[PDB]
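Notes to accompany the following structure.
Naming follows writing order (A, B, C, D, E and F), and every chain is counted from residue 1.
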Amino acid sequence: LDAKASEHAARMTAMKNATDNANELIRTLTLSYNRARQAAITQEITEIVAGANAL
Amino acid sequence: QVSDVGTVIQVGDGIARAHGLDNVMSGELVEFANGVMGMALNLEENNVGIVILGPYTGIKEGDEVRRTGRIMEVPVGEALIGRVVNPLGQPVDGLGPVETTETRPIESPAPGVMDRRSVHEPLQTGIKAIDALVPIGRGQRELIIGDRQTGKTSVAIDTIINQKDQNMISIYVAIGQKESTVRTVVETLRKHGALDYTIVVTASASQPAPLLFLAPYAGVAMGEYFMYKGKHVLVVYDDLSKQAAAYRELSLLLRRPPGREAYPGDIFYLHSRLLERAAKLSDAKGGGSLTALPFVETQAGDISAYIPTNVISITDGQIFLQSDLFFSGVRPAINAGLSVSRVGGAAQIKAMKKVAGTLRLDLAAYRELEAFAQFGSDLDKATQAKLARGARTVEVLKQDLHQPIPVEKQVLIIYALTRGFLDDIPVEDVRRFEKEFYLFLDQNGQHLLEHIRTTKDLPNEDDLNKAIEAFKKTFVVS
Amino acid sequence: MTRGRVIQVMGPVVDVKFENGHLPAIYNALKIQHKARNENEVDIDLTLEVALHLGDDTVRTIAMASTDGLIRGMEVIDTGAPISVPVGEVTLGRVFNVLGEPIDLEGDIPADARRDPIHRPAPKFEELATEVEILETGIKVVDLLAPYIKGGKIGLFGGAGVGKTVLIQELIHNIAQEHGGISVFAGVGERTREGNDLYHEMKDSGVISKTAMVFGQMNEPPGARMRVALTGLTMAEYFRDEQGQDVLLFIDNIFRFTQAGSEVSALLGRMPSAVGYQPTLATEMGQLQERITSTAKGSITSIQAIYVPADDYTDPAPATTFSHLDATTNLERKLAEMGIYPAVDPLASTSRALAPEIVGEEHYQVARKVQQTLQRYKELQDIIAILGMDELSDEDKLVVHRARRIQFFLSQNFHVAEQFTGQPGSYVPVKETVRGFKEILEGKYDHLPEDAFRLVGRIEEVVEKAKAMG
Amino acid sequence: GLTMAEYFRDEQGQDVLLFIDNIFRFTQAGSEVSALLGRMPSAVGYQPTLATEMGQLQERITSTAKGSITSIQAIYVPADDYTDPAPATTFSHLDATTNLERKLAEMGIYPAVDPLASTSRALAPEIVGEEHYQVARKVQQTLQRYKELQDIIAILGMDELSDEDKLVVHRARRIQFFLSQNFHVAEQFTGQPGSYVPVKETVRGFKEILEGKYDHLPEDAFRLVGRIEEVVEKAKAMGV
Amino acid sequence: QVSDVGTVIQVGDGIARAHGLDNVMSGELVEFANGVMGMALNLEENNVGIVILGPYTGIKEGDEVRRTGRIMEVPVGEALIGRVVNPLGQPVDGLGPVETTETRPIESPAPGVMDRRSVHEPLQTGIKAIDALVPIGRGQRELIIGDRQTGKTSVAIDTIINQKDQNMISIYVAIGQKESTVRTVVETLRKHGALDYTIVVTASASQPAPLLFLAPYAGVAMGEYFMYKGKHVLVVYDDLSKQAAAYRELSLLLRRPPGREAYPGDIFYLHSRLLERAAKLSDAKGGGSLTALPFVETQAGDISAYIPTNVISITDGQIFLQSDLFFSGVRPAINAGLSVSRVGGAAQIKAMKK
Amino acid sequence: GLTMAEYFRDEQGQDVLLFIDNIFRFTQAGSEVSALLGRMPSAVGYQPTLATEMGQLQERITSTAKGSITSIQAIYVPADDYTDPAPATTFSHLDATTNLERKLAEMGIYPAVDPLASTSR
């Protein structure tokens, strides 16, 4: 009985840690995604404007 | 030597530039030698920029262009009902001349803030998943958004057919679709009998870009004539994204400063002009109202693109449709989570307002507790009942094509589901129960159906529960 | 000699050629009044704003309305001043557009009324006040956890369903009651239906008699949608400079101001910048924001609703807007559904003023303690939802007991809620609210039921409500 | 500077060392000027003639029969982006490259050389020796495996790895720390004096660590030491 | 006459073009009809490009422009101490005119390689964390970097206050700050008594971009006057990010092609030639020094962005302020991991080292 | 090719099949000629008239009362990006869509006809 209680406590704590790590990873990846998005938009519009004022 | 003619300097890609026409108006309509129309957009210091509304290949440098003296306008009138016309008003169904007597300009000011009235009348779409969770009211403008081949056209056709008994005039605008698809739609409407109060405006994909760019404005111009005389008009746009693409083509070919994604500066101004002309008029002006249902195409579910974001900001509500949910048997496939309607409540009858309050919470609970559904079969207090009820809800939301359900029957079935009468019937028997319930009601529930239709309010609890229990006993469980 | 002529029309952008030696200045307003000479023309009533000097005696202008029907060569008149809008008591209770013309059907303003230019430089360095003051709004949550600053800018985060209009109306009512200052609402890029609803709400509430409303709606050209905020600001600045009042200014959505500026820049043909915005983004935002300040005789305080594109707080428009803010107010659907009004988030809401130097040691300590207690309650939510309340530790039980009292006491009964609830409103001074929160934290009222703290205002009314129930 | 060095390389036949403190500023200045000369902008705003100018500079720095020039050039990487055209074009002109990494710098690992991205044409069995080549390849393999394990280790910890992968991690962390070194010139940053480690000692130390002869020592004992013996010296008197 | 007089042909967005002005030199100050000053930027074949350093609404095509004969320069002197001026040297506090007698050019060469000396004298900031972990010496260029609302302005003000007893002259340059904040900062310094030895140069957000672009150069030019006479000067820039934004705006208005993040190619040369003028001079040169503390604002704490990396490449170390650590109650939230002082250690007193 | 097929349709009343391989090449040829003709490129470097040209081609393939033309068209997907304008513009023209899934293609199981990504009217 003691061993089973310990097993479920260990699962609870470890799985809590896993979920928290997943949330932090998602937050950092979202920041990277936003930076990439802004960079892509800027580069696209810059190239279009250069090709437009080329004439 | 006159100021009312001109000679063409440059021809190519559906636009032209002319020397002369010193007295033309900005936005005027012009006529070429071979007979195709044109629009003056850019009035340079010494030349005029003209977009060509037709087959330009017959135009050569050096031929003559003439004034017409009219800002672009379209015919209006009750004669257009039942016809299929292009944005210039010329019929394409082949059934002879259209026989109009009146005209209305393409660009007219929207009703002022003091001429409008709060939305209070319901627009019955006939779809349970919409009339339950995402209300639409007369005067409201609602965005219907989804990926390609998800059912938007089917939803629009169902809505247009469902207005048969209402005192409403329906307008359908087709931008950038196959002529085969447009003809199939016209055949379906004539088959169901909706083509005696409907106007269809067509601008197919092979057509020049300006006709696509002008089609929705022709639609709103035709609708406003009925709206201002005291009637209710419903307008559907098939592809505002194709509208935007056509305008982008015109702008870039006229060499205006390109913005983000090569779109011109005033694309938001264009869509705001289009979607701010639908409103519910104040009583002093008249009882009329106009409601608009623009469509937007999502590339693989992306909703953050420039045009979709503009339209989402402009409109009053969203309905989201998903391919996977369509594949999962949810035929109308409304993702009730992130769809919304800002005019909810005032756009619903009393009975629907009473019966739809519980449904959203149950559906949200199912959607958020789905984590215990695929991996599950474990005892629990809520999820053992919450997921069980949510599955029944999702099964009830489903509907079959071209069979709009009256609002009273929607009320009755939603009441039955929300009161737990489905809690024992098998999930694959849920739809059978729904069909049997409508079939049972049409004969054994007149005192409920007519009571709802007359009072807009729920029947007596005793009688309603007695009838439901009688049918529930009559039911057969497979 | 003030006669020019249209020479080029490119949509919203119109080019006018004036006689040499009579060019109008930048930002000046030009008017066109053309009557149809024959049946092949249309009537024109259009106003233009100067943008650039292109050389060769030519002016590049931005139109404030639809340019359809213009013909090259018609006459254009220079007014000799920027757009001018009426100021004074005549603007209270009226609705205007950007040009300063009344939109409501009540009638026009006589030409003899005083009018002020839209474009003016910001107040000088020595005309500013040298000290920080608190703006006592009389709302418990705002006064305690996120104080407002005379002359500061406050961003309002939320949406529909969270009583944003109710909060705005209550702010207008409380300010006009306790300070004598009027408010101004500027509808930049507002939906027309929502604007009509807001007008009717204000007329019902009775605050319309002490506010002025300016509307620039989504259907209007970019010039109007860009310049409407400045005419609202001028209408407020008149009262700030002449009456010496404390005036509220509401900007309906300041993001649409920036995107309309971007569209105007694109139309004028200037090169884009990061993620496609105008090069002059920061300069335009600064020229709008720096006129909302507190001077030696009065102040203007701005509550601004902000939209975050793609939910990216690093996007240039929100990034530039946040460089000017002094406070923040978040409206929470959880609280609104739970039953708390005005449903301001006690934790997410922040303020620069919440420091002992600006506010005081007692207030600072009480606010920090309330924040800590609510944070702890937010922590215990999961173990409550799983195990049950009686399973907790004793001190955690006490904290949970006190936290619901605090959460309910942060609610308030607004005056503008009377028309529905039937309960008279209340204005709570900051000293009363800080004292009440101190009493609740010190455990003096742990025996009263939590429902006595629902909607009371001062700390005496919760005692009275509990005594009346039992 | 290149002309001054070429004189000694050609006329007198000296062996010449050449240091260039930052060669990226050369192309940056080229881009600064290019707009005003009337040229059209290139991919990321650089000049259209980026590759040609850099080539014309770089092919002069070479060793001929008359003399030998060995060049060490420090290259800047804007915004830590190794795909930028200026760093991307310089790669083809080099024989041995060391890629420094901000992540390794923040972990306190100095010098912050990425052990995988760094390359050299001199790492062949017939040049450095069979034993040296084997040890190098094995170290790179272990670090590659550790790099692959990062996602699992971060998402759910080391408790669910297999026994072999745990041993891989145990070796890899110690090896990664042992690649750090205390420099002579870092005397002014920290009071610890520098060290000079011969290549034979380096090879032997890494061979010993791979064989598992130091699995028991704490990982912090391997940081900034130099010779492998100093690892044991530091493990003693640290509490072990 | 078209030799020392010109005529405007284009006006827009703070940029003007003038016909004539045959003898004007590049970088000269030109005075418009209504008293607004400009700077001759480009001398083309037939027209001169002028950047307007002020409100350009009152300038009209056809207006007359006059030469001044002076390279872009600002006044300097002891009379400037305790005053608040705009980058052109005109007072804005309303306490009367400034009685300086001599000026210095905006663009001036930096000290050479053989003119400098190693940094060895400590600059005491009065903040325990900085003075113990990340020390700063006189003549050092140290960067302070962090997100908004992390106390950068407060750190600068504390440093300036602590110099009351040390022999030092403080120059606080405010680029793009709100005028309310600048007023409050001036009042705090006045109350604590820091205006015995301080000059405040301000260019608020409502000002046209060229003034924001010029302000740090005006500040460093004011500092160099004392620096070359044997005194010790401290210069603080409220943020170089807003100057970079102003310069990007100006370049895009001049239609120069943008690069990474739409910044122009010379955005590195914009800051390098500014931060290279702060140095510790040698004994033969006089022994004076100039210490600079530029500020840079990040987005979500990313130090890998273009401008933060550019500025880190120039300065001699940086102090990173941690936003969430600041939110946790430790207000001088110094991220010890990311903060380094390259020329420190030798610039610290013997007692603190142990 | 389409001109050759239209004769068999209209003149003889037959039923015809038209096999077109790599529509993507047909789009790319126009995208190349646009730059040389000197027109400002679209969002991803494509020509401004992409939709108009593709419509003017595709809409000629219809069934009329005289006869019918059925067309089977192969489309290379650039880097598996279905959001590219060339496939995005094609989707609004096809009655039946077969997707050759890379997941099935690269696991060794062919013809990689996706049983569930396929759509059909």
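One rule holds for everything that comes next: a residue touches a chain if its C-beta (ideal position, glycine included) is under 8 Å from a C-beta of that chain, and two chains touch if they have at least 3 such contacts.
A quick map from chain label to UniProt name: B, E = ATP synthase subunit alpha; C = ATP synthase subunit beta.
Chain centres here are means of the Cα atoms, and by that rule the chain farthest away from chain C (ATP synthase subunit beta) is D. Rounded to whole angstrom units, the spacing between the C-alpha centres of chain C (ATP synthase subunit beta) and chain F is 52. In this assembly, the C-alpha centroid of chain D lies 38 Å from the C-alpha centroid of chain E (ATP synthase subunit alpha).
Centre to centre, using the average C-alpha position, chain A and chain D are separated by 29 Å.
Within chain D, contacts with two or more other chains are made by residues 41, 44-45. Multi-chain contact residues of chain E (ATP synthase subunit alpha) (touching two or more other chains) are listed as 255, 257-258, 261-262, 300. Multi-chain contact residues, meaning those touching two or more other chains, occur in chain A at positions 35, 41-42, 44-46, 48-50, 52. A complete list of chain pairs in contact reads A-B, A-C, A-D, A-E, A-F, B-C, B-F, C-E, D-E. Per the touch definition, chain E (ATP synthase subunit alpha) reaches chain C (ATP synthase subunit beta) in the complex via residues 9-13, 17, 55-62, 84, 92-94, 148-149, 176, 178-180, 182-184, 187, 202, 204-206, 208-209, 242, 245-246, 248-249, 252-253, 255, 258, 261-262, 299-300.
Taken in their complex, chain A has these residues touching chain B (ATP synthase subunit alpha): 41, 44-45, 48-49, 52. Residue ranges on chain A touching chain E (ATP synthase subunit alpha), taken from their complex, read 31, 35, 39, 42, 46, 50, 53. Residue ranges of chain B (ATP synthase subunit alpha) in contact with chain C (ATP synthase subunit beta), taken from their complex: 22-27, 41-45, 67, 69, 71, 107, 109-114, 116-119, 139, 256-257, 259-260, 264-266, 268-269, 272-273, 276-277, 279, 304, 309, 314, 316, 342.
Residues of chain F that touch chain A in their complex: 35, 38, 40-41, 43, 45.
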